[PDB]
There are 2 protein chains.
Amino acid sequence: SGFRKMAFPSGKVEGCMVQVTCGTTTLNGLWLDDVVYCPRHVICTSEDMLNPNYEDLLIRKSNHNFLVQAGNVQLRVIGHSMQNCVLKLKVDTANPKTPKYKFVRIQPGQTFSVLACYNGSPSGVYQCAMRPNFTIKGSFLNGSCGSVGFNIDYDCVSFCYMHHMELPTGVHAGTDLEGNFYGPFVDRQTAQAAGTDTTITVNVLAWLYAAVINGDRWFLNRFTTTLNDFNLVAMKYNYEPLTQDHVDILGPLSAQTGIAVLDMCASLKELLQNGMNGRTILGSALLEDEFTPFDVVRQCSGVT
Amino acid sequence: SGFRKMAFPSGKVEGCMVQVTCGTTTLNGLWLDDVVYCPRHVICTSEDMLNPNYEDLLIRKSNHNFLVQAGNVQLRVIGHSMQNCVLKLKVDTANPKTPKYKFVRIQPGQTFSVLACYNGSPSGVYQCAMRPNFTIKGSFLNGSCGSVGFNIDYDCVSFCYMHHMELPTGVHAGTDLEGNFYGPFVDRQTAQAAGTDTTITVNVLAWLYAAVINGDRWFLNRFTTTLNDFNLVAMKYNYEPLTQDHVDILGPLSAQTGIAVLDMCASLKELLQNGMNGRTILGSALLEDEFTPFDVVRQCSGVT
Ligand SMILES: Cn1cncc1NC(=O)Cc1cccc(Cl)c1
Ligand SMILES: Cn1cncc1NC(=O)Cc1cccc(Cl)c1
């Protein structure tokens with residue numbers, strides 16, 4: 001028992017990290033097979049970042065301008081291309097440590113692990129959620145660009161995020177591995193609206209189920225609610241409206257605990273209306289929304 | 001910017017995980033050089049666990065009774081010995097993935113990463129602290145025994161913990177890599193007192209410094225305090241008494257922010273006496289004590 005904000009083991013991803021330098025800019029790249037993926041802003045200087053013309057900036061670069069180093073091994077760049085906000089550097093050597101992998105575009109509310117890197121070297125790993133507004137609340141400093149987010153299913157790494165930038169609000173934005181930003185963001189140093197965020201209701205309910213499984217049950221009550229009634233409360237408290245699709249994905253947790261999804265909704269409704277009254281749930285004094293129902297099941301069953 | 005409960009990259013440790021089976025019991029082992037380390041209770045059945053005579057139970061076992069499998073590679077056991085609560089199985093092959101490593105016994109209040117494993121396979125990684133009462137609040141299910149805790153300094157892995165058991169209270173206990181339990185615990189299925197825990201004051205202050213660095217400053221006030229006065233409040237709120245050694249280790253954070261350690265103590269005193277008034281600090285609604293001053297500096301400077 002016990003419930004922790006657990007990240008996937010990072011080994012398969014550490015084997016793919018490289019350093020990419022172009023001119024005076026250094027950031028991280030991801031080496032999979034004979035391609036290195038990195039944020040296209042590696043080609044910019046600081047003067048360029050207010051409104052870069054990426055196409056023109058890239059035209060001034062040749063394969064030999066992209067210095068790619070895998071630890072201490074220098075990679076030979078034989079091609080380069082820009083795909084949306086990423087650069088793809090073709091190298092002459094396939095990464096011997098390439099795991100089985102997929103590129104996926106995750107949905108808002110889904111979770112993933114981030115391997116934060118600097119200069120091609122891993123510094124740490126943490127789990128987070130893609131906010132409903134497509135930002136992530138990460139831990140990233142200058143030089144972390146090119147660090148990736150991923151999930152692992154057995155031996156397959158699904159890469160879902162590449163870090164690009166920190167918004168003036170201190171939240172983070174990036175792309176899928178095809179270089180498409182999550183959210184409305186652009187890779188320019190301009191103030192950019194993130195838009196209204198909400199709490200991921202289905203994840204809070206999953207985490208309440210994790211709490212009951214792991215012994216914290218003080219919040220259970222004698223009440224029930226309906227989706228309509230619960231959604232009026234979700235509205236008032238800036239929570240995502242709960243749908244039958246969310247109730248369905250909570251089915252396994254509801255079956256395991258014997259607590260009907262709408263009964264757990266009534267516990268959540270009371271917590272929203274009354275607060276925690278100075279108590280905690282799974283070591284937290286707020287309602288946690290960074291665990292999906294799949295994460296709760298995986299953690300509670302011991303999936304490797 | 002941003003501040004997350006970050007674990008060390010787990011790759012170097014994933015390369016050391018093996019499955020150890022003895023009789024009907026399977027758990028995890030750590031393969032370093034030509035030795036596999038695992039909890040000695042791999043030799044017990046469930047009838048044995050109420051009060052095992054480990055010396056007698058081990059005498060009935062031969063090298064060929066310890067089945068060690070590294071993924072799909074079977075290891076040949078050429079020796080076995082019990083050292084405190086661990087078994088050391090000498091194998092005929094040195095682990096080719098053995099990183100540079102040390103065995104260390106950490107102090108209460110220090111932090112480390114745990115690579116939770118089942119059947120020799122890594123499931124996830126999380127950061128935690130050794131409580132002042134020598135327990136850890138982890139996420140461990142049956143079969144996680146033998147999972148290890150560690151820190152990494154550049155290319156060196158300092159192993160500090162091997163998981164052994166869950167106490168009836170749902171908290172976790174284990175040993176250093178020489179098999180000595182942290183705390184008063186014994187490897188028997190008996191109810192065991194963990195003893196009074198306290199909050200790690202120096203870590204809460206470090207985390208308040210991390211909050212100021214990362215933009216959360218609402219808790220800063222116009223007050224100061226003394227070690228004597230602060231320790232009267234620490235006493236009332238079950239916090240560890242702050243010493244000059246703790247003030248000294250907070251020196252780098254105090255220098256970086258310009259906030260004197262006793263002034264941060266007065267902010268902590270007011271938070272203890274008044275609560276958070278429904279606000280948060282670094283996404284938390286309680287005072288976090290699982291980040292040491294070294295962790296805050298490492299995370300805030302981007303150490304790889
Ligand atoms: C400070 N930091 C944290 N995580 C990433 C960074 N770096 C940046 O934000 C640099 C940057 C500035 C404008 C646009 C873009 Cl795409 C990138
Ligand atoms: C449930 N669990 C979680 N983490 C470890 C376990 N397994 C155990 O606690 C099994 C066990 C029982 C008594 C003594 C000992 Cl040393 C071990």
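Whatever order the structure lists them in is the order used to number ligands and atoms, beginning at 1. All chains are named by letter (A, B, ...) in the order of the sequence lines, taking the proteins before the strands, and each is independently numbered beginning at 1.
Salt-bridge formation is detected for the pair B:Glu290/A:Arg4: a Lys NZ or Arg NE/NH1/NH2 atom is positioned less than 4.0 Å from an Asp or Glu carboxylate oxygen. A salt bridge does not link A:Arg105 to A:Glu178: none of the charged side-chain nitrogens sits closer than 4.0 Å to a carboxylate oxygen.
Side-chain contact annotation: A:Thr111 with A:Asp295, donor-acceptor N/O pair under 3.5 Å present. B:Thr26 and B:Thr21 share a donor-acceptor pair across their side chains, judged by distance under 3.5 Å alone.
Classified by interplanar angle (parallel below 30°, tilted 30° to 60°, perpendicular above 60°), the ring pair A:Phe8/A:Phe150 is tilted.
Relative to the ring axis of A:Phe291, A:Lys5 places its NZ or CZ within 45° and under 6.0 Å from the centre.
The residues lining ligand 1, counting any heavy atom closer than 4.0 Å, are A:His41, A:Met49, A:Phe140, A:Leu141, A:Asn142, A:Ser144, A:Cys145, A:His163, A:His164, A:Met165, A:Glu166, A:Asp187, A:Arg188, A:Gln189.
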